[PDB]
């Protein structure tokens, strides 16, 4: 019931839809764009389902205007999107591609004209392939390449952008990419991952300073998939495990940014294998942010792992409690969102919070010109209920972005896992608003009240 739900939100609550450059743009060799690490990852057998790539995607490069009109037609106030570094500074370092900047300049103008608020992400995983030559995120120079990139983007767009986030999900860009081998560039090495960790925290810091020098009026933030870690049992071992898991999976990012230090027990275990931390790094990393973005889908259930030699945090996956499952296999368990936010604000001194991603994978398509995705609607109703509870509890929840305006390239899953509020037929590129989308549109349309 979208009307009773709406009553629970503040009149100025910000409702948005979210998207990412490589996931929707296509046009991967157009107008000066050079390859990203995800172009490489996709095209090498073994990394991405069906060897699907980003060559066409949702063809958003060519269709961005229709897509903006759709957002306006849905009555959603805000659009969260990412900027492709491979379009802006195609080799990572090197000459600026003014035609790359022109694309986003035009996009942002289109949003201004339509009253659509802009929440731009500078880095949503599409590192220019050339920078891998230096070591990619394992090299400190890559943080400096980002520093110059951030400045370049904000100099052009900073007069109009409503908000900017430096990074989306360091957890993925760091551990999932350099320790687990699941995301580009597909490494499985603790030294590599620890270097990526510190250099992405540092690049974030560089990005905050750069954006504020060239565009001091734009609210700066950082988007994190903080994990709602829940121990398998109430045993002491599982409790301590949950904490180690929290320090490694969340603390590696939250503690430097919000406390100016790394988690102590993690440094004991892993500190000797870290890159150099120069005198000024932690103070740069921990500059005050104007907001922060939480991406949430599912809890991280953990159990202690007693296996000899097991690297910190020494945990293993614990089974789901709920029996509800999205088509990508993720447990649906809404109250974990509540305990997570509760935990974070207790543990850290945080600015205003926007839910920058929330959504569900369900793969139903078009029948009778419609898409019946009731389980996605239910997912949204339930988690938005939680967000409303957090508002009532007094937490500074200022907005919410649904992950996925439309079905798109879902990283290692390719195009098989659909997250969209809008259905895309990849053969025809036809957009079809789903029932979840119609529902979300009705909710969002009445804001601001």
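Numbering follows the first chain given and starts at 1.
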- Should the higher mean CA B-factor in the entry be assigned to 149-157 or to 298-306? 298-306
- Note on the structure: For 427-435 versus 20-28, entry-based mean Cα B-factors point to 427-435
- Item | Selection from 220, 242, 138, 203 [criterion: highest C-alpha temperature factor in the record] | 242
- Based on the PDB entry, the highest CA temperature factor among the options 355, 279, 165, 194 is that of 279
- Would you mind checking where the Cα B-factor of residue 47 ranks among the modelled residues of its chain, as the lowest, middle or highest third? lowest
- Query: Once the chain's modelled residues are ordered by C-alpha B factor and cut into thirds, is residue 329 in the lowest, middle or highest one?
  - Reply: highest
- Task: Classify residue 386 as lowest, middle or highest third according to the C-alpha B-factor given in the PDB entry, relative to its own chain.
- Result: middle
- For residue 130, the third of its chain by CA B-factor is the lowest
- Message: Looking at the temperature factor on the CA atom of residue 70, which third of the chain's modelled residues does it land in?
- Response: highest
